[PDB]
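Participant: Below you will find the structure I want to go over with you.
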Amino acid sequence: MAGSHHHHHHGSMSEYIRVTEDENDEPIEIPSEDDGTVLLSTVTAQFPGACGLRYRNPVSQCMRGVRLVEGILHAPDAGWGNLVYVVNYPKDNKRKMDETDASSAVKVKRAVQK
């Protein structure tokens, strides 16, 4: 319902992700990352609120599932493909309200024990 943004291009791309939420709906094509994964920002573009995506292959008849780490939807060892996907969420979550720039990097001593 809320959230869309408009900033997730970066360099390279490799390929894209083509998946649809509804079986009757058409497979929407969205831009992915160079590594192959997909930025969460994109997932919200068409699937707002969606927390996780499932894998639905009519020809594969398997039980695969799109991996999600740090918001970035990782792709399988086969790729996104042009199959269907099943959303996984109650309605919304957000759990995000902080956007600032700062650096606090620092070295650490050797921590050894038994």
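Residues in the structure tokens are numbered from 1 in each chain, the chains being A, B, ... in the order shown, and ligands are numbered from 1 in the order shown.
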Show which residues sit within 12 Å of residue A:93, as a list in words. Count only C-alpha atoms, and ignore same-chain residues fewer than 2 positions away.

Facilitator: residues 1, 2, 3, 48, 49, 50, 51, 52, 88, 89, 90, 91, 95, 96 and 97 of chain A

Participant: Leaving out residue A:37 and any residue of its chain fewer than 2 positions from it, which residues lie within 6 Å of it when counting only C-alpha atoms, given as an NGL selection string?

Facilitator: :A and (33 or 35 or 73-75)

Participant: Output N, CA and C atoms for every residue in the selection just made, as an mmCIF file, in the first residue's frame.

Facilitator:
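The resulting out_30.cif:
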data_model
loop_
_atom_site.group_PDB
_atom_site.id
_atom_site.type_symbol
_atom_site.label_atom_id
_atom_site.label_comp_id
_atom_site.auth_asym_id
_atom_site.auth_seq_id
_atom_site.Cartn_x
_atom_site.Cartn_y
_atom_site.Cartn_z
ATOM 1 N N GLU A 33 20.135 -7.149 -10.079
ATOM 2 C CA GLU A 33 21.507 -6.721 -9.827
ATOM 3 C C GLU A 33 22.483 -7.463 -10.735
ATOM 4 N N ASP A 35 25.134 -9.175 -9.774
ATOM 5 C CA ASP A 35 25.436 -10.468 -9.170
ATOM 6 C C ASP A 35 24.350 -11.487 -9.501
ATOM 7 N N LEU A 73 16.737 -10.176 -2.807
ATOM 8 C CA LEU A 73 16.242 -11.487 -3.212
ATOM 9 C C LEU A 73 17.270 -12.215 -4.072
ATOM 10 N N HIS A 74 17.879 -13.252 -3.507
ATOM 11 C CA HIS A 74 18.881 -14.035 -4.223
ATOM 12 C C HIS A 74 18.217 -15.027 -5.173
ATOM 13 N N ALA A 75 18.892 -15.322 -6.279
ATOM 14 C CA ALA A 75 18.368 -16.257 -7.267
ATOM 15 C C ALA A 75 18.971 -17.645 -7.082
#

Participant: Can you list, as a PyMOL selection string, every protein, DNA or RNA residue that comes within 9 Å of residue A:85 when you count only C-alpha atoms, leaving out same-chain residues fewer than 4 positions away?

Facilitator: chain A and resi 19-23+53-57+65-66

Participant: Kindly give the distance, in Å, that separates atom CA of residue A:31 and atom CA of residue A:102, rounded to a single decimal.

Facilitator: 28.6 Å

Participant: Between atom CA of residue A:79 and atom CA of residue A:29, what is the distance in Å, rounded to a tenth?

Facilitator: 13.6 Å

Participant: Check the smallest atom-to-atom distance from each of A:11, A:16, A:27, A:114 to residue A:42 using only C-alpha atoms, then report the winner.

Facilitator: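 Counting only C-alpha atoms, the residue closest to residue A:42 is A:16.
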
Participant: Excluding residue A:30 and its own-chain neighbours fewer than 3 positions away, which residues fall within 12 Å of it when counting only C-alpha atoms? Please give them as JSON, numbers by chain.

Facilitator: {"A": [8, 9, 13, 15, 16, 17, 18, 19, 20, 27, 33, 37, 38, 39, 40, 41, 42, 43, 44, 45, 46, 47, 80, 81, 82]}

Participant: Could you write those residues out with C-alpha atoms, as a CSV table (one decimal), in the first residue's frame?

Facilitator:
chain,number,residue,atom,x,y,z
A,8,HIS,CA,18.1,1.0,-7.9
A,9,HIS,CA,20.1,0.9,-11.1
A,13,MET,CA,23.0,-6.0,-14.4
A,15,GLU,CA,20.2,-10.4,-16.3
A,16,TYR,CA,16.7,-9.6,-15.0
A,17,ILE,CA,13.9,-11.3,-13.0
A,18,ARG,CA,10.6,-12.2,-14.6
A,19,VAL,CA,7.9,-13.4,-12.2
A,20,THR,CA,4.2,-12.9,-11.5
A,27,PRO,CA,4.9,-12.3,-15.7
A,33,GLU,CA,21.5,-6.7,-9.8
A,37,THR,CA,20.1,-11.1,-7.1
A,38,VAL,CA,17.4,-8.4,-6.9
A,39,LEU,CA,17.2,-5.2,-4.7
A,40,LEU,CA,14.3,-5.3,-2.3
A,41,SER,CA,13.4,-1.8,-3.5
A,42,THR,CA,12.5,-3.4,-6.8
A,43,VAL,CA,10.4,-6.2,-5.3
A,44,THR,CA,8.2,-3.4,-3.7
A,45,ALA,CA,7.9,-1.7,-7.1
A,46,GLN,CA,5.3,-4.3,-8.2
A,47,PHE,CA,4.9,-6.3,-4.9
A,80,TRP,CA,15.0,-16.3,-12.0
A,81,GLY,CA,13.3,-17.6,-15.2
A,82,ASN,CA,9.8,-16.9,-16.4

Participant: I need the residues of stretch 8-108 of chain A that end up classed as strand (DSSP E or B) by DSSP on the backbone, written out as a PDB file with N, CA and C atoms, in the first residue's frame.

Facilitator:
ATOM      1  N   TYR A  16      17.811 -10.186 -15.708  1.00  0.00           N
ATOM      2  CA  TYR A  16      16.663  -9.624 -15.006  1.00  0.00           C
ATOM      3  C   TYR A  16      15.804 -10.728 -14.398  1.00  0.00           C
ATOM      4  N   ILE A  17      14.806 -10.329 -13.616  1.00  0.00           N
ATOM      5  CA  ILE A  17      13.910 -11.282 -12.975  1.00  0.00           C
ATOM      6  C   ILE A  17      12.486 -11.139 -13.503  1.00  0.00           C
ATOM      7  N   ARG A  18      11.946 -12.230 -14.035  1.00  0.00           N
ATOM      8  CA  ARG A  18      10.591 -12.227 -14.574  1.00  0.00           C
ATOM      9  C   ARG A  18       9.693 -13.183 -13.795  1.00  0.00           C
ATOM     10  N   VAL A  19       8.828 -12.623 -12.955  1.00  0.00           N
ATOM     11  CA  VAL A  19       7.913 -13.425 -12.153  1.00  0.00           C
ATOM     12  C   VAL A  19       6.604 -12.683 -11.905  1.00  0.00           C
ATOM     13  N   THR A  20       5.528 -13.440 -11.713  1.00  0.00           N
ATOM     14  CA  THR A  20       4.216 -12.856 -11.467  1.00  0.00           C
ATOM     15  C   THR A  20       3.661 -13.300 -10.119  1.00  0.00           C
ATOM     16  N   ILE A  28       5.608 -10.129 -14.838  1.00  0.00           N
ATOM     17  CA  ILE A  28       6.221  -8.807 -14.871  1.00  0.00           C
ATOM     18  C   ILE A  28       7.743  -8.907 -14.862  1.00  0.00           C
ATOM     19  N   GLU A  29       8.386  -8.135 -15.732  1.00  0.00           N
ATOM     20  CA  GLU A  29       9.841  -8.137 -15.823  1.00  0.00           C
ATOM     21  C   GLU A  29      10.433  -6.928 -15.104  1.00  0.00           C
ATOM     22  N   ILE A  30      11.336  -7.190 -14.165  1.00  0.00           N
ATOM     23  CA  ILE A  30      11.978  -6.124 -13.405  1.00  0.00           C
ATOM     24  C   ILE A  30      13.497  -6.253 -13.450  1.00  0.00           C
ATOM     25  N   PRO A  31      14.191  -5.108 -13.359  1.00  0.00           N
ATOM     26  CA  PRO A  31      15.655  -5.067 -13.386  1.00  0.00           C
ATOM     27  C   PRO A  31      16.275  -5.657 -12.123  1.00  0.00           C
ATOM     28  N   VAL A  38      18.299  -9.491  -6.606  1.00  0.00           N
ATOM     29  CA  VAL A  38      17.401  -8.372  -6.867  1.00  0.00           C
ATOM     30  C   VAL A  38      17.244  -7.493  -5.632  1.00  0.00           C
ATOM     31  N   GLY A  52       8.449 -12.018   1.340  1.00  0.00           N
ATOM     32  CA  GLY A  52       9.150 -13.121   0.708  1.00  0.00           C
ATOM     33  C   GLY A  52       8.420 -13.650  -0.511  1.00  0.00           C
ATOM     34  N   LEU A  53       9.176 -14.165  -1.473  1.00  0.00           N
ATOM     35  CA  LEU A  53       8.595 -14.705  -2.697  1.00  0.00           C
ATOM     36  C   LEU A  53       8.844 -16.206  -2.803  1.00  0.00           C
ATOM     37  N   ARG A  54       7.860 -16.928  -3.329  1.00  0.00           N
ATOM     38  CA  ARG A  54       7.972 -18.373  -3.485  1.00  0.00           C
ATOM     39  C   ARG A  54       8.187 -18.746  -4.948  1.00  0.00           C
ATOM     40  N   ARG A  56       7.118 -21.074  -8.179  1.00  0.00           N
ATOM     41  CA  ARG A  56       6.022 -21.857  -8.738  1.00  0.00           C
ATOM     42  C   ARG A  56       6.325 -22.262 -10.177  1.00  0.00           C
ATOM     43  N   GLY A  65      12.182 -22.066  -3.991  1.00  0.00           N
ATOM     44  CA  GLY A  65      11.805 -20.854  -3.290  1.00  0.00           C
ATOM     45  C   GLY A  65      12.873 -19.781  -3.372  1.00  0.00           C
ATOM     46  N   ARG A  67      15.349 -17.095  -2.456  1.00  0.00           N
ATOM     47  CA  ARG A  67      16.071 -16.787  -1.228  1.00  0.00           C
ATOM     48  C   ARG A  67      16.092 -15.284  -0.971  1.00  0.00           C
ATOM     49  N   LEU A  68      15.956 -14.904   0.295  1.00  0.00           N
ATOM     50  CA  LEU A  68      15.959 -13.496   0.675  1.00  0.00           C
ATOM     51  C   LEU A  68      16.962 -13.235   1.795  1.00  0.00           C
ATOM     52  N   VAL A  69      17.927 -12.361   1.527  1.00  0.00           N
ATOM     53  CA  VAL A  69      18.946 -12.021   2.512  1.00  0.00           C
ATOM     54  C   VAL A  69      19.247 -10.527   2.499  1.00  0.00           C
ATOM     55  N   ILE A  72      17.734  -8.258  -0.159  1.00  0.00           N
ATOM     56  CA  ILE A  72      18.080  -8.613  -1.530  1.00  0.00           C
ATOM     57  C   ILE A  72      17.651 -10.041  -1.852  1.00  0.00           C
ATOM     58  N   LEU A  73      16.737 -10.176  -2.807  1.00  0.00           N
ATOM     59  CA  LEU A  73      16.242 -11.487  -3.212  1.00  0.00           C
ATOM     60  C   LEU A  73      17.270 -12.215  -4.072  1.00  0.00           C
ATOM     61  N   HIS A  74      17.879 -13.252  -3.507  1.00  0.00           N
ATOM     62  CA  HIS A  74      18.881 -14.035  -4.223  1.00  0.00           C
ATOM     63  C   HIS A  74      18.217 -15.027  -5.173  1.00  0.00           C
ATOM     64  N   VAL A  84       6.039 -18.556 -12.251  1.00  0.00           N
ATOM     65  CA  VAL A  84       5.210 -17.788 -11.329  1.00  0.00           C
ATOM     66  C   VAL A  84       5.794 -17.807  -9.920  1.00  0.00           C
ATOM     67  N   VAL A  87       3.626 -14.869  -3.182  1.00  0.00           N
ATOM     68  CA  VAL A  87       3.994 -13.943  -2.119  1.00  0.00           C
ATOM     69  C   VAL A  87       3.959 -14.628  -0.758  1.00  0.00           C
ATOM     70  N   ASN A  88       4.627 -14.022   0.220  1.00  0.00           N
ATOM     71  CA  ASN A  88       4.674 -14.574   1.569  1.00  0.00           C
ATOM     72  C   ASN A  88       4.696 -13.460   2.612  1.00  0.00           C
TER      73      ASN A  88
END
